[PDB]
Structures are given as C-alpha cells and as structure tokens.
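Below you'll find only one chain, the form deposited in one PDB entry, shown as structure tokens.
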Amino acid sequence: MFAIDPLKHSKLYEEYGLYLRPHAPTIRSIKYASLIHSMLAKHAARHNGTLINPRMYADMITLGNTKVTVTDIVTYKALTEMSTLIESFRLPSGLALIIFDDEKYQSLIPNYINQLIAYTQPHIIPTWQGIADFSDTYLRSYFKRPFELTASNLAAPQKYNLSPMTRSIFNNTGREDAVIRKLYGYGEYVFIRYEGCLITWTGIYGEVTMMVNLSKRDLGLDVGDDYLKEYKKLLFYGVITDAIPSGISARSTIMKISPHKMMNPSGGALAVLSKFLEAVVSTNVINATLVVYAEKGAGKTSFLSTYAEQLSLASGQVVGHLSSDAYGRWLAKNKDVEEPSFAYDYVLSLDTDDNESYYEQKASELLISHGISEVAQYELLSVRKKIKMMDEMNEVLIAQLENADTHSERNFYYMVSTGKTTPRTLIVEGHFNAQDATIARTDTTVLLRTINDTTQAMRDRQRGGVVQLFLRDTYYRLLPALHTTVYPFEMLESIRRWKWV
C-alpha cells in the first residue's frame, strides 16, 4: 500500500522507471490499497480535510486488529464503513505504508496520508541518486524489474531467461532504442526513458560523479573529452554529488556517460526566487534587489550576466548588474577624492578585470609583510598562523563597514541603489554575510553553488593566485551556509515557471 496510488497515478512511477505487471495475492493487495485510498479520499473530503480519529484509521489499516461495529453513532459511521471494507479483505496482516526518500515524491503525497504517517511506522525506501533502489521486497513483487544493457552485456533476450511481463529494459549502450528494438528481438519489451546524464569525472582526490539536467544528445560529450570543452552548459546545468572539496579541475577527463533521471529543484529555493520575482513585477515596490553570495572562485559573474539577460528579455525591464568587487575596484581609484562620482555608468565602467581591487592590494601587503609570495609557501604553513593572518585581514575588513561615511561601503551601495539613472531591478553579489547589513535592503538573499572546487580554481589563475587564495580563505572563513542554497538550474527553472503579464 503505497502513499501515492499506483493504479490511479501510474505516470509518476513510470518516471522513476517502475512499470506495472499486467493482469496472485499481490494483485489483490494492490487493488485493496486502491480501494482504501478511494475510501479515505471520500471520508477526508467530507470533513474540512482532517480525518476524525487518525490513530484509529492508522491502526485499522496498518495493523488490522480493530473492528468497529455498532449494533454518537453518527460519529462512528465513518469508522464502521472502513471496518467492513477491511474485514472483507481477509488479510492475515495489515497493509504497510511505503514512502520514497525523495523530495519530488513527498511533494505529491496527499494530506490524509500525511496525517496517517504520525501514527504508523512507514516503510521508507532510500534512493541512491534520486532513483529508488530495486532490491526491495515491495518493488520486486509489485513492479517489474529493470535490466541494464551495456556494450558488453548486449545480446538477444533468449540468451537470458528474460520475459516481457516480468522484465523491463534500460540501455546505456549509446545505440538507439529503435535499433536495439528491431535488430535484437526487443520489440515485445518496454524501455525506460530518462532525460539526464550522470558523468563520472576524473579528479585529483579520486573520481567525481556529476548529475546534469541536460540530455546526452544536447550536451554533446563523448568518452575522453576535456572539462573546458562545453564548460558553460555544465556550469548552467551540472551539480556535483560528492563532498566538498571535490577534485574537479581543468585537467579532468571523463570515464563514462550514463543516462539518468533529471533533478528536481528544492521548494525553498523556488520560494525565495518567486518572492524576488513577485517583488520585480509589482508596482507597489520601487527598487527590487537580489543579493547572491558565493565563495571566491565559484564562477558567478559569467552565470549572473546570463541570468540578468534572461530576466531582462523575459520581463522587458532593464536589469542592472553590479559585480562582486565593484566596491573594491571603485575604492582603488577614489579613496582620495573628497566627493566622488556615485553615478551608475561610472561605477559599471570601472568594473573590468584590469582594474585592481583595494582589498587585493591590502592583502598583498599583508602577505608580503610575513614573507609569503608563493602557493607552496602558503600551503606549507599550519592552520593557526593562517587564522592569525585572517584576523589581521578582518581588522581591515571591519574598517569599511563600521560607519556610514563618504568613502564607506554602506553609503556607496545607498547612493548607487537610490540614484536617478540607476536601473530599477538590480542584482548585487557579495562575499560574506556581514556585508548584508551594508549592501542595500532586500527581502531575498541566497547563497549560490556551482560545479567548482574554489581552492582548486584559484591555483590555476594566470596572474596573482596567492592573494586570491588568501582572500578566498578569509571569505570562506567569514560566511557560513546560513541562507538558502541555490543552484543555477534552480534559478533558470524559476524564470521558466513564472507566468508573465
């Protein structure tokens, strides 16, 4: 007895790769589960949506030890109807409750099942990477089982003992399903259709998997391809499933491409992005602003310019984008001018990569004051000396946030945000959570995550590197993961799901 009724809702389990055996006691059990779902949906909707006595329904369904028979009375009629319907099954033990461990599965569970969870030990099925495992008892009995065809395993079904009504087929041979279907006697069987690809990359610490929301025909890679080739579609759509620090880097080749299920975005990330879009479209709000944090090296500007272009073309209004280090590159030039230019185009003109930052110069002096110039000199130091140097850098990060003065940072973001020629919807990146009291006032702020090992990418920059790595360490030591964690495909999907005009 599953949470979501498979006889009613077949397509959702078809998406997971689970097909129904055609028409034994399992068939009777699954039909009795369908009748129990229908009866519960009748009784619960007759009230506001709450069951009358949820532990009684839970015990009658799960345990089968309770028989309610009345020979007020009107308050128990809903229980007596359920009691006759359970008595007329004659099971030796009651039906169990089955839940998958996936978020997309739990968002579709009806409310009465959620009420019945709290008074019943469910049978929770864990998932590997979003797909429920197939060695479990209930799935092996009810649904038909997959079969994996590879470049070695490929043969006729008569070489095995495969049957149509018990075995389903999943290929990853790279050949087309029509070719394998009409060339190998696989016409009678049924195939699993997946849409994502799961790529295991070679990294320094070991092999690294990667889940990609695109398809294998779209994301055109083959076995032995570089990491920089098709880097941007991977950045837009990929997610590393391993523990940080993962070892993905610019030297990474691949090992195998396997089809896999798509990913589903979280509820909280779509909620925060939808609240931002509600702030964009409304005329009650004057200034709309998003704040996006990332570790120094995650590659956020090359995505957020594309995000701004998507939002601009989809909403029609002009989105202005402030960079991550606009304040440092502005303070490098105007630390001595009494009254500087707070205009928007003058700030965005000084935003290129040739313009050095103020914090990078001060951290370079802080590194050279301890005789550190190389990465091999910095990594060789112990942790406590690094913490000492990071506190010496915190003593100069604190000096620009403490008060609202004409060279401060809170005044800078005030005068840029509330200008006359500034765009309406703005997007501002940050570096640490203390800067949120300084960056202009919002309702939404997120923390972005990409497919990058940030300490690995800073080892490979052609210029500097040591100051970049030291500032990365200071910034990672300054911000925790205390806001919502938002991947790039979540933002692109949140743009797509919002209806316009």
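Just so we're on the same page, rigid core means the largest C-alpha set that superposes within 1.5 Å between forms. Numbers follow the displayed sequence, beginning with 1.
From this point on, the text means the form deposited with a small molecule bound, which you will not see here.
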Listed range touching the small molecule, judged in the bound PDB entry by heavy atoms within 4.5 Å, from 27-35, 438-446, 462-470, 49-57: 462-470
Considering the small molecule in the bound PDB entry, which of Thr241, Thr301, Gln317, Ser349 comes within 4.5 Å of it through any heavy atom? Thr301
Among the candidates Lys362, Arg410, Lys144, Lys296, the residue which, in the bound PDB entry, approaches the small molecule to within 4.5 Å (heavy atoms): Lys296
Does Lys261 make contact with the small molecule in the bound PDB entry, using a 4.5 Å heavy atom cut-off? no
Just to confirm, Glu374 within 4.5 Å of the small molecule in the bound PDB entry by heavy atoms? no
Within a 4.5 Å heavy atom cut-off, is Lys216 in contact with the small molecule in the bound PDB entry? no
Considering non-hydrogen atoms and a 4.5 Å limit, does the small molecule approach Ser323 in the bound PDB entry? yes
Superposing the core, which one of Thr80, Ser258, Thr301, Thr202 shows a C-alpha shift reaching 2 Å or more between this form and the one not shown? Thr80
Residue shift check between this form and the one not shown, rigid core fit, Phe470 Cα at least 2 Å: no
After core superposition, I'd like to know whether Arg55 moves between this form and the one not shown (criterion: C-alpha shift of 2 angstroms or more). yes
Is there a C-alpha shift of 2 Å or more at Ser417 between this form and the one not shown once the rigid core is superposed? no
